[PDB]
$ cat structure-v4.cif   # mmCIF, C-alpha atoms and all ligand atoms
data_entry
#
loop_
_atom_site.group_PDB
_atom_site.id
_atom_site.type_symbol
_atom_site.label_atom_id
_atom_site.label_comp_id
_atom_site.auth_asym_id
_atom_site.auth_seq_id
_atom_site.Cartn_x
_atom_site.Cartn_y
_atom_site.Cartn_z
ATOM 1 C CA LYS W 1 0.000 0.000 0.000
ATOM 2 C CA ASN W 2 2.945 2.319 -0.734
ATOM 3 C CA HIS W 3 4.979 2.050 2.511
ATOM 4 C CA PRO W 4 8.499 1.165 1.407
ATOM 5 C CA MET W 5 10.329 2.574 4.462
ATOM 6 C CA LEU W 6 7.953 0.943 6.925
ATOM 7 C CA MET W 7 8.037 -2.396 5.054
ATOM 8 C CA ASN W 8 11.846 -2.363 4.987
ATOM 9 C CA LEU W 9 12.161 -1.546 8.696
ATOM 10 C CA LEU W 10 9.529 -4.197 9.442
ATOM 11 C CA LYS W 11 11.535 -6.706 7.423
ATOM 12 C CA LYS I 1 -0.987 -19.177 38.102
ATOM 13 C CA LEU I 2 1.466 -17.550 35.688
ATOM 14 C CA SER I 3 2.257 -20.131 32.965
ATOM 15 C CA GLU I 4 5.777 -20.755 31.609
ATOM 16 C CA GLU I 5 4.695 -19.470 28.229
ATOM 17 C CA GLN I 6 3.390 -16.304 29.939
ATOM 18 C CA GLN I 7 6.685 -15.750 31.763
ATOM 19 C CA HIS I 8 8.382 -16.398 28.459
ATOM 20 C CA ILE I 9 6.330 -13.650 26.788
ATOM 21 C CA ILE I 10 7.234 -11.191 29.599
ATOM 22 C CA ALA I 11 10.946 -11.970 29.373
ATOM 23 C CA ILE I 12 10.915 -11.362 25.619
ATOM 24 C CA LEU I 13 8.952 -8.051 25.893
ATOM 25 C CA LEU I 14 11.331 -6.794 28.567
ATOM 26 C CA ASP I 15 14.365 -7.599 26.549
ATOM 27 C CA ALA I 16 12.843 -6.156 23.388
ATOM 28 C CA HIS I 17 12.222 -2.871 25.244
ATOM 29 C CA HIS I 18 15.721 -2.806 26.673
ATOM 30 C CA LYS I 19 17.059 -3.140 23.174
ATOM 31 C CA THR I 20 14.762 -0.450 21.747
ATOM 32 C CA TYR I 21 14.846 2.084 24.581
ATOM 33 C CA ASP I 22 18.074 3.769 25.623
ATOM 34 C CA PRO I 23 17.753 5.442 29.019
ATOM 35 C CA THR I 24 21.012 7.435 28.307
ATOM 36 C CA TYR I 25 19.297 9.141 25.283
ATOM 37 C CA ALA I 26 22.785 9.280 23.685
ATOM 38 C CA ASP I 27 21.295 9.234 20.124
ATOM 39 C CA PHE I 28 19.642 12.635 20.726
ATOM 40 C CA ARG I 29 22.894 14.397 19.803
ATOM 41 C CA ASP I 30 22.251 13.216 16.199
ATOM 42 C CA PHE I 31 18.937 15.158 15.934
ATOM 43 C CA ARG I 32 18.710 18.655 14.535
ATOM 44 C CA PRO I 33 19.432 20.960 17.464
ATOM 45 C CA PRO I 34 16.532 22.128 19.639
ATOM 46 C CA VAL I 35 15.699 25.856 19.304
ATOM 47 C CA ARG I 36 13.987 27.708 22.129
ATOM 48 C CA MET I 37 14.608 31.359 21.613
ATOM 49 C CA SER I 38 10.119 31.901 16.972
ATOM 50 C CA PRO I 39 7.245 29.869 15.432
ATOM 51 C CA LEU I 40 7.912 26.145 14.896
ATOM 52 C CA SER I 41 11.393 26.559 16.334
ATOM 53 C CA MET I 42 11.181 23.097 18.032
ATOM 54 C CA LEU I 43 9.594 21.384 15.019
ATOM 55 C CA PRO I 44 12.834 20.056 13.443
ATOM 56 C CA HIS I 45 14.206 18.725 16.705
ATOM 57 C CA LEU I 46 10.946 17.102 17.794
ATOM 58 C CA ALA I 47 10.252 15.779 14.242
ATOM 59 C CA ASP I 48 13.644 13.993 14.460
ATOM 60 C CA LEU I 49 12.768 12.680 17.940
ATOM 61 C CA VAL I 50 9.451 11.354 16.741
ATOM 62 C CA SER I 51 10.983 9.841 13.578
ATOM 63 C CA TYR I 52 13.694 8.195 15.650
ATOM 64 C CA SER I 53 11.063 7.010 18.090
ATOM 65 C CA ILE I 54 9.033 5.469 15.258
ATOM 66 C CA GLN I 55 12.091 3.336 14.372
ATOM 67 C CA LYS I 56 12.483 2.181 17.924
ATOM 68 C CA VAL I 57 8.789 1.274 18.104
ATOM 69 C CA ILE I 58 9.011 -0.742 14.911
ATOM 70 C CA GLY I 59 11.966 -2.701 16.392
ATOM 71 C CA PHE I 60 9.962 -3.402 19.583
ATOM 72 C CA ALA I 61 6.911 -4.549 17.566
ATOM 73 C CA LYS I 62 8.950 -7.117 15.591
ATOM 74 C CA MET I 63 10.064 -8.717 18.859
ATOM 75 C CA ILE I 64 6.445 -9.289 20.053
ATOM 76 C CA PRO I 65 5.262 -12.933 20.039
ATOM 77 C CA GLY I 66 2.980 -13.745 17.091
ATOM 78 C CA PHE I 67 3.540 -10.369 15.412
ATOM 79 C CA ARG I 68 5.577 -12.026 12.601
ATOM 80 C CA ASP I 69 2.799 -14.507 11.730
ATOM 81 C CA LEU I 70 0.666 -11.590 10.637
ATOM 82 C CA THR I 71 0.741 -10.605 6.986
ATOM 83 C CA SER I 72 3.016 -7.731 5.960
ATOM 84 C CA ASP I 73 -0.020 -5.571 5.184
ATOM 85 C CA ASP I 74 -1.439 -6.276 8.628
ATOM 86 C CA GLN I 75 1.900 -5.527 10.208
ATOM 87 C CA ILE I 76 2.028 -2.186 8.345
ATOM 88 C CA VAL I 77 -1.514 -1.075 9.276
ATOM 89 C CA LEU I 78 -0.919 -1.954 12.984
ATOM 90 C CA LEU I 79 2.265 0.043 13.115
ATOM 91 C CA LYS I 80 0.891 3.001 11.196
ATOM 92 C CA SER I 81 -2.140 3.478 13.496
ATOM 93 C CA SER I 82 -0.305 2.676 16.759
ATOM 94 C CA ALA I 83 2.975 4.453 16.261
ATOM 95 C CA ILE I 84 1.971 7.754 17.870
ATOM 96 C CA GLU I 85 0.212 6.024 20.735
ATOM 97 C CA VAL I 86 3.189 3.847 21.585
ATOM 98 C CA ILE I 87 5.460 6.825 21.417
ATOM 99 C CA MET I 88 3.188 8.594 23.907
ATOM 100 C CA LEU I 89 3.212 5.496 26.094
ATOM 101 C CA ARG I 90 6.964 4.954 25.953
ATOM 102 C CA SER I 91 7.516 8.669 26.588
ATOM 103 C CA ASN I 92 6.190 8.067 30.178
ATOM 104 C CA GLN I 93 9.637 6.801 31.173
ATOM 105 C CA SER I 94 11.206 10.218 30.458
ATOM 106 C CA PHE I 95 8.182 12.112 31.825
ATOM 107 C CA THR I 96 8.586 13.671 35.266
ATOM 108 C CA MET I 97 5.805 14.553 37.692
ATOM 109 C CA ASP I 98 7.949 17.159 39.499
ATOM 110 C CA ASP I 99 8.241 19.726 36.670
ATOM 111 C CA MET I 100 5.570 18.194 34.349
ATOM 112 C CA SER I 101 7.989 17.651 31.486
ATOM 113 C CA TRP I 102 9.842 14.990 29.613
ATOM 114 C CA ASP I 103 13.371 14.863 30.983
ATOM 115 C CA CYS I 104 15.987 13.265 28.785
ATOM 116 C CA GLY I 105 19.047 13.714 30.982
ATOM 117 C CA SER I 106 19.959 17.204 29.924
ATOM 118 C CA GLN I 107 18.461 20.682 29.976
ATOM 119 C CA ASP I 108 18.603 20.887 26.174
ATOM 120 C CA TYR I 109 16.760 17.563 25.903
ATOM 121 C CA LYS I 110 14.206 18.444 28.563
ATOM 122 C CA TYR I 111 10.829 19.043 26.897
ATOM 123 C CA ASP I 112 7.943 21.115 28.391
ATOM 124 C CA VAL I 113 4.533 22.326 27.275
ATOM 125 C CA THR I 114 6.018 25.403 25.542
ATOM 126 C CA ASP I 115 8.551 23.330 23.602
ATOM 127 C CA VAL I 116 5.699 21.083 22.428
ATOM 128 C CA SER I 117 3.729 24.158 21.493
ATOM 129 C CA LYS I 118 6.791 25.339 19.583
ATOM 130 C CA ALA I 119 6.356 22.178 17.521
ATOM 131 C CA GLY I 120 3.051 23.470 16.161
ATOM 132 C CA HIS I 121 0.692 21.557 18.486
ATOM 133 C CA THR I 122 -2.299 23.260 20.236
ATOM 134 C CA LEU I 123 -3.225 22.901 23.924
ATOM 135 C CA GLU I 124 -6.089 20.775 22.782
ATOM 136 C CA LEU I 125 -3.669 17.869 22.253
ATOM 137 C CA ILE I 126 -1.115 18.897 24.824
ATOM 138 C CA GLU I 127 -3.323 19.454 27.859
ATOM 139 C CA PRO I 128 -4.943 15.999 27.536
ATOM 140 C CA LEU I 129 -1.506 14.446 26.763
ATOM 141 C CA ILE I 130 -0.009 15.863 29.956
ATOM 142 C CA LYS I 131 -3.009 14.553 31.877
ATOM 143 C CA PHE I 132 -2.492 11.154 30.245
ATOM 144 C CA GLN I 133 1.166 11.121 31.331
ATOM 145 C CA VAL I 134 0.254 12.112 34.887
ATOM 146 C CA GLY I 135 -2.486 9.424 35.131
ATOM 147 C CA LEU I 136 -0.209 6.740 33.599
ATOM 148 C CA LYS I 137 2.561 7.927 35.959
ATOM 149 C CA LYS I 138 0.188 7.627 38.919
ATOM 150 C CA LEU I 139 -0.316 3.923 38.192
ATOM 151 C CA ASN I 140 3.349 3.199 38.847
ATOM 152 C CA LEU I 141 3.332 0.166 36.639
ATOM 153 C CA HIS I 142 5.979 -2.486 36.900
ATOM 154 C CA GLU I 143 8.230 -2.450 33.845
ATOM 155 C CA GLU I 144 6.655 -5.779 32.870
ATOM 156 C CA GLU I 145 3.231 -4.121 32.825
ATOM 157 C CA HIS I 146 4.575 -1.189 30.791
ATOM 158 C CA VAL I 147 6.042 -3.431 28.050
ATOM 159 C CA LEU I 148 2.869 -5.551 27.941
ATOM 160 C CA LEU I 149 0.652 -2.465 27.548
ATOM 161 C CA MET I 150 2.774 -1.290 24.604
ATOM 162 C CA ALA I 151 2.501 -4.666 22.898
ATOM 163 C CA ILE I 152 -1.277 -4.898 23.452
ATOM 164 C CA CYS I 153 -1.634 -1.371 22.034
ATOM 165 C CA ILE I 154 0.248 -2.220 18.813
ATOM 166 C CA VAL I 155 -1.652 -5.464 18.208
ATOM 167 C CA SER I 156 -5.267 -4.198 18.133
ATOM 168 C CA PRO I 157 -7.986 -5.846 15.854
ATOM 169 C CA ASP I 158 -10.092 -2.707 15.437
ATOM 170 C CA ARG I 159 -7.367 -0.692 13.820
ATOM 171 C CA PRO I 160 -8.477 0.647 10.443
ATOM 172 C CA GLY I 161 -7.481 -1.521 7.490
ATOM 173 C CA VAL I 162 -6.856 -4.775 9.346
ATOM 174 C CA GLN I 163 -7.518 -7.859 7.218
ATOM 175 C CA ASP I 164 -6.945 -10.750 9.597
ATOM 176 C CA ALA I 165 -8.898 -9.286 12.530
ATOM 177 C CA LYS I 166 -9.464 -12.783 13.912
ATOM 178 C CA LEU I 167 -5.730 -13.406 13.963
ATOM 179 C CA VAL I 168 -4.698 -9.974 15.342
ATOM 180 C CA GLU I 169 -7.309 -10.582 18.078
ATOM 181 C CA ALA I 170 -5.835 -13.983 18.956
ATOM 182 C CA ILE I 171 -2.376 -12.485 19.394
ATOM 183 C CA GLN I 172 -3.641 -9.645 21.549
ATOM 184 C CA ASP I 173 -5.695 -12.002 23.773
ATOM 185 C CA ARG I 174 -2.619 -13.972 24.683
ATOM 186 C CA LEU I 175 -0.826 -10.803 25.715
ATOM 187 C CA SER I 176 -3.975 -9.501 27.571
ATOM 188 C CA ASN I 177 -4.336 -12.786 29.454
ATOM 189 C CA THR I 178 -0.634 -12.638 30.288
ATOM 190 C CA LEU I 179 -1.061 -9.129 31.666
ATOM 191 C CA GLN I 180 -4.201 -9.940 33.641
ATOM 192 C CA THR I 181 -2.494 -12.994 35.126
ATOM 193 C CA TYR I 182 0.653 -11.061 35.911
ATOM 194 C CA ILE I 183 -1.179 -8.355 37.925
ATOM 195 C CA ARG I 184 -2.985 -10.992 39.988
ATOM 196 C CA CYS I 185 0.094 -13.121 40.701
ATOM 197 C CA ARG I 186 2.846 -10.499 40.767
ATOM 198 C CA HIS I 187 1.146 -7.199 41.661
ATOM 199 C CA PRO I 188 0.359 -6.537 45.303
ATOM 200 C CA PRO I 189 -2.692 -4.697 46.685
ATOM 201 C CA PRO I 190 -3.546 -1.876 46.897
ATOM 202 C CA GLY I 191 -1.705 -0.911 43.680
ATOM 203 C CA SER I 192 -3.200 -3.907 41.935
ATOM 204 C CA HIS I 193 -6.770 -2.804 42.542
ATOM 205 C CA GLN I 194 -8.500 -2.238 39.215
ATOM 206 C CA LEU I 195 -5.122 -2.032 37.565
ATOM 207 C CA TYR I 196 -6.056 -3.985 34.402
ATOM 208 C CA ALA I 197 -9.179 -1.891 33.825
ATOM 209 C CA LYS I 198 -7.211 1.295 34.422
ATOM 210 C CA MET I 199 -4.600 0.189 31.908
ATOM 211 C CA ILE I 200 -7.271 -0.644 29.368
ATOM 212 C CA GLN I 201 -8.767 2.798 30.009
ATOM 213 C CA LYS I 202 -5.358 4.282 29.101
ATOM 214 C CA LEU I 203 -5.647 2.553 25.706
ATOM 215 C CA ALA I 204 -8.940 4.379 25.126
ATOM 216 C CA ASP I 205 -7.356 7.687 26.084
ATOM 217 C CA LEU I 206 -4.610 6.934 23.584
ATOM 218 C CA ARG I 207 -7.206 6.537 20.762
ATOM 219 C CA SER I 208 -8.571 9.973 21.549
ATOM 220 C CA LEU I 209 -5.049 11.376 21.713
ATOM 221 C CA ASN I 210 -4.320 9.727 18.412
ATOM 222 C CA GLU I 211 -7.379 11.205 16.728
ATOM 223 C CA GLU I 212 -6.494 14.705 17.932
ATOM 224 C CA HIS I 213 -2.853 14.220 16.896
ATOM 225 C CA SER I 214 -3.997 13.288 13.399
ATOM 226 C CA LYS I 215 -6.084 16.435 13.091
ATOM 227 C CA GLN I 216 -3.312 18.695 14.277
ATOM 228 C CA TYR I 217 -0.841 16.805 12.128
ATOM 229 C CA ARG I 218 -3.076 17.211 9.085
ATOM 230 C CA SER I 219 -3.186 21.030 9.619
ATOM 231 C CA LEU I 220 0.442 21.402 10.401
ATOM 232 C CA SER I 221 1.403 18.894 7.657
ATOM 233 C CA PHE I 222 -0.982 20.531 5.161
ATOM 234 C CA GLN I 223 1.162 23.627 4.630
ATOM 235 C CA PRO I 224 4.145 22.578 2.444
ATOM 236 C CA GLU I 225 6.873 24.513 4.340
ATOM 237 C CA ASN I 226 6.076 22.801 7.643
ATOM 238 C CA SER I 227 5.915 19.416 5.904
ATOM 239 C CA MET I 228 9.419 20.082 4.593
ATOM 240 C CA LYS I 229 10.754 20.119 8.156
ATOM 241 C CA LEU I 230 9.583 16.580 8.839
ATOM 242 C CA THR I 231 11.401 13.354 8.108
ATOM 243 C CA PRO I 232 10.598 10.962 5.307
ATOM 244 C CA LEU I 233 9.606 8.189 7.745
ATOM 245 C CA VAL I 234 7.221 10.562 9.590
ATOM 246 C CA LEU I 235 5.669 11.526 6.233
ATOM 247 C CA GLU I 236 5.148 7.919 5.272
ATOM 248 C CA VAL I 237 3.904 6.727 8.647
ATOM 249 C CA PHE I 238 1.740 9.761 9.637
ATOM 250 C CA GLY I 239 0.722 10.410 6.038
ATOM 251 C CA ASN I 240 2.102 12.877 3.509
HETATM 252 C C1 LIG N 1 12.545 8.013 23.524
HETATM 253 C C2 LIG N 1 11.524 8.737 23.994
HETATM 254 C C3 LIG N 1 10.127 8.638 23.429
HETATM 255 O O1 LIG N 1 10.164 7.838 22.231
HETATM 256 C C4 LIG N 1 9.528 9.997 23.097
HETATM 257 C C5 LIG N 1 9.981 11.134 24.016
HETATM 258 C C6 LIG N 1 9.189 12.143 24.256
HETATM 259 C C7 LIG N 1 7.840 12.271 23.681
HETATM 260 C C8 LIG N 1 7.200 13.428 23.697
HETATM 261 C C9 LIG N 1 7.780 14.668 24.304
HETATM 262 C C10 LIG N 1 7.494 15.939 23.507
HETATM 263 C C11 LIG N 1 6.061 15.969 23.027
HETATM 264 C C12 LIG N 1 5.726 14.729 22.243
HETATM 265 C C13 LIG N 1 6.706 14.595 21.103
HETATM 266 C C14 LIG N 1 4.304 14.563 21.747
HETATM 267 C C15 LIG N 1 3.932 15.458 20.561
HETATM 268 C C16 LIG N 1 2.424 15.681 20.488
HETATM 269 C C17 LIG N 1 4.416 14.872 19.295
HETATM 270 O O2 LIG N 1 3.957 13.795 18.890
HETATM 271 C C18 LIG N 1 5.395 15.701 18.531
HETATM 272 C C19 LIG N 1 5.266 15.772 17.224
HETATM 273 C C20 LIG N 1 6.176 16.618 16.448
HETATM 274 C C21 LIG N 1 6.207 16.527 15.117
HETATM 275 C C22 LIG N 1 7.179 17.408 14.387
HETATM 276 C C23 LIG N 1 4.151 13.050 21.501
HETATM 277 C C24 LIG N 1 5.180 12.404 22.367
HETATM 278 C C25 LIG N 1 5.828 13.553 23.144
HETATM 279 C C26 LIG N 1 11.366 11.135 24.634
HETATM 280 C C27 LIG N 1 11.747 9.724 25.108
HETATM 281 O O3 LIG N 1 11.002 9.347 26.247
#
$ encode --input "structure-v4.cif" --output "structure tokens" --more "lines below"
Ligand SMILES: C=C1[C@H](O)CC(=C/C=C2\CCC[C@]3(C)[C@@H]([C@H](C)C(=O)/C=C/C=C/C)CC[C@@H]23)C[C@H]1O
Amino acid sequence: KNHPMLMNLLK
Amino acid sequence: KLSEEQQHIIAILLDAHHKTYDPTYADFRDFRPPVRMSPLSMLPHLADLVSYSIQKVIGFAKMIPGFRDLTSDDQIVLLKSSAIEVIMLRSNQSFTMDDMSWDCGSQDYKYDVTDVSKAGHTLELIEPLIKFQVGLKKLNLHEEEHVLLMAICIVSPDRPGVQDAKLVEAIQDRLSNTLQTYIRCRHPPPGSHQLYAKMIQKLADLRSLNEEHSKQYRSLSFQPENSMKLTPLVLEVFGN
């Protein structure tokens, strides 16, 4: 849903 | 009556917090300098603090038991909605009843109502936020209770955009049951009395706080020049 920074930090 | 699994959960949440929360506040030197002299003079410094705090909250969330089982989309929506609330919760550790301020070990990194106001936030958020911190502070939670409340806050089924509500709910319930059981077995009267209910009431206050924060963020964020002062993570998480 367009959250690259959050997805990366989450991963 | 505290199970081994439940004690396990508590151990993990404590460690996770210890890893994500530095009581020295040494990383604060890296933030844009605070400026109390001036409209929005504290906005850069506090935007950096928030953005940094979002990172720390993410790292705590990942440590929570069952959080990883959730889908990536579910993990994102939970973090997005809860981020501000957990930051307010975690901020309690720096918050001091004596001067009514957040004290991070130095005068420069000591934040009061006027500094918060200097970030572009109205008394409509700040007055209820200070009250929240006082009321949370009054509870005098054990650290174990503090970490559990943070984890239960992040993993909430009713958050907007959740897909696997049934699964988010199952994770939360384990943590809730762990908390309830902990208070009963580990938390002595009179401080125990109504403690779970009072903690759950704090989660409701946080929703209200969140809602207000969004509104004031939307106004502040709406003008482009103020939005420029923010970080990219803040823009993504709190909305651009
Ligand atoms: C590692 C910590 C926490 O993550 C957090 C800390 C303080 C939190 C504060 C102290 C100042 C006022 C804040 C920042 C509130 C305001 C309303 C806020 O969200 C600021 C937004 C600014 C945007 C530019 C929310 C949390 C409030 C310091 C420390 O214990």
$ axis_aligned_box --input "structure-v4.cif" --around "ligand LIG 1 (chain N)" --padding-each-side "4 Å" --output "JSON"
{"center_x": 7.5, "center_y": 12.6, "center_z": 20.3, "size_x": 18.1, "size_y": 17.6, "size_z": 19.9}
$ residues_near_ligand --input "structure-v4.cif" --ligand "ligand LIG 1 (chain N)" --cutoff "6 Å" --atoms "all atoms listed in the file" --output "PyMOL selection string"
chain I and resi 43+46-47+53+87-88+90-91+93-94+102+111+116+119
$ resolve_selection --input "structure-v4.cif" --expression "the PyMOL selection byres ((chain I) within 12 of (chain W))" --output "ChimeraX atom specification"
/I:51,54-63,67-68,70-80,83,161,231-240
$ atom_distance --input "structure-v4.cif" --atom1 "atom CA of residue 175 of chain I" --atom2 "atom CA of residue 203 of chain I"
14.2 Å
$ atom_distance --input "structure-v4.cif" --atom1 "atom CA of residue 81 of chain I" --atom2 "atom CA of residue 212 of chain I"
12.8 Å
$ atom_distance --input "structure-v4.cif" --atom1 "atom CA of residue 21 of chain I" --atom2 "atom CA of residue 214 of chain I"
24.6 Å
$ closest_residue --input "structure-v4.cif" --among "I:42, I:7, I:216, I:18" --to "residue 122 of chain I" --atoms "only C-alpha atoms"
I:216
$ resolve_selection --input "structure-v4.cif" --expression "the PyMOL selection byres (((chain I and resi 147) around 12) and not hetatm)" --output "MDAnalysis selection string"
chainID I and resid 9:18 20:21 57 60:61 63:64 86 89:90 92:93 141:146 148:154 175:176 178:179 199
$ write_last_selection --input "structure-v4.cif" --atoms "C-alpha atoms" --output "mmCIF file, in the frame of the given file"
data_model
loop_
_atom_site.group_PDB
_atom_site.id
_atom_site.type_symbol
_atom_site.label_atom_id
_atom_site.label_comp_id
_atom_site.auth_asym_id
_atom_site.auth_seq_id
_atom_site.Cartn_x
_atom_site.Cartn_y
_atom_site.Cartn_z
ATOM 1 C CA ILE I 9 6.330 -13.650 26.788
ATOM 2 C CA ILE I 10 7.234 -11.191 29.599
ATOM 3 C CA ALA I 11 10.946 -11.970 29.373
ATOM 4 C CA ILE I 12 10.915 -11.362 25.619
ATOM 5 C CA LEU I 13 8.952 -8.051 25.893
ATOM 6 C CA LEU I 14 11.331 -6.794 28.567
ATOM 7 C CA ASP I 15 14.365 -7.599 26.549
ATOM 8 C CA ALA I 16 12.843 -6.156 23.388
ATOM 9 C CA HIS I 17 12.222 -2.871 25.244
ATOM 10 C CA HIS I 18 15.721 -2.806 26.673
ATOM 11 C CA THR I 20 14.762 -0.450 21.747
ATOM 12 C CA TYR I 21 14.846 2.084 24.581
ATOM 13 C CA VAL I 57 8.789 1.274 18.104
ATOM 14 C CA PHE I 60 9.962 -3.402 19.583
ATOM 15 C CA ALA I 61 6.911 -4.549 17.566
ATOM 16 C CA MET I 63 10.064 -8.717 18.859
ATOM 17 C CA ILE I 64 6.445 -9.289 20.053
ATOM 18 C CA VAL I 86 3.189 3.847 21.585
ATOM 19 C CA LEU I 89 3.212 5.496 26.094
ATOM 20 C CA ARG I 90 6.964 4.954 25.953
ATOM 21 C CA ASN I 92 6.190 8.067 30.178
ATOM 22 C CA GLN I 93 9.637 6.801 31.173
ATOM 23 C CA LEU I 141 3.332 0.166 36.639
ATOM 24 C CA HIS I 142 5.979 -2.486 36.900
ATOM 25 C CA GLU I 143 8.230 -2.450 33.845
ATOM 26 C CA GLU I 144 6.655 -5.779 32.870
ATOM 27 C CA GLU I 145 3.231 -4.121 32.825
ATOM 28 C CA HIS I 146 4.575 -1.189 30.791
ATOM 29 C CA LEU I 148 2.869 -5.551 27.941
ATOM 30 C CA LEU I 149 0.652 -2.465 27.548
ATOM 31 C CA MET I 150 2.774 -1.290 24.604
ATOM 32 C CA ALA I 151 2.501 -4.666 22.898
ATOM 33 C CA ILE I 152 -1.277 -4.898 23.452
ATOM 34 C CA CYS I 153 -1.634 -1.371 22.034
ATOM 35 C CA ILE I 154 0.248 -2.220 18.813
ATOM 36 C CA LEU I 175 -0.826 -10.803 25.715
ATOM 37 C CA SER I 176 -3.975 -9.501 27.571
ATOM 38 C CA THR I 178 -0.634 -12.638 30.288
ATOM 39 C CA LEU I 179 -1.061 -9.129 31.666
ATOM 40 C CA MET I 199 -4.600 0.189 31.908
#
$ residues_around --input "structure-v4.cif" --residues "residue 185 of chain I" --least-positions-apart "4" --cutoff "7 Å" --atoms "all atoms listed in the file" --output "mmCIF file with C-alpha atoms, keeping the file's coordinate frame"
data_model
loop_
_atom_site.group_PDB
_atom_site.id
_atom_site.type_symbol
_atom_site.label_atom_id
_atom_site.label_comp_id
_atom_site.auth_asym_id
_atom_site.auth_seq_id
_atom_site.Cartn_x
_atom_site.Cartn_y
_atom_site.Cartn_z
ATOM 1 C CA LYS I 1 -0.987 -19.177 38.102
ATOM 2 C CA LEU I 2 1.466 -17.550 35.688
ATOM 3 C CA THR I 181 -2.494 -12.994 35.126
#
$ residues_around --input "structure-v4.cif" --residues "residue 85 of chain I" --least-positions-apart "5" --cutoff "8 Å" --atoms "only C-alpha atoms" --output "list in words"
residues 153, 206, 207, 209 and 210 of chain I
$ resolve_selection --input "structure-v4.cif" --expression "the PyMOL selection byres (((chain I and resi 136) around 9) and not hetatm)" --output "list in words"
residues 89, 92, 131, 132, 133, 134, 135, 137, 138, 139, 140, 141, 198, 199 and 202 of chain I
$ residues_around --input "structure-v4.cif" --residues "residue 28 of chain I" --least-positions-apart "6" --cutoff "10 Å" --atoms "all atoms listed in the file" --output "list in words"
residues 45, 48, 49, 52, 104, 108 and 109 of chain I
$ closest_residue --input "structure-v4.cif" --among "I:223, I:27, I:19, I:34" --to "residue 110 of chain I" --atoms "all atoms listed in the file"
I:34
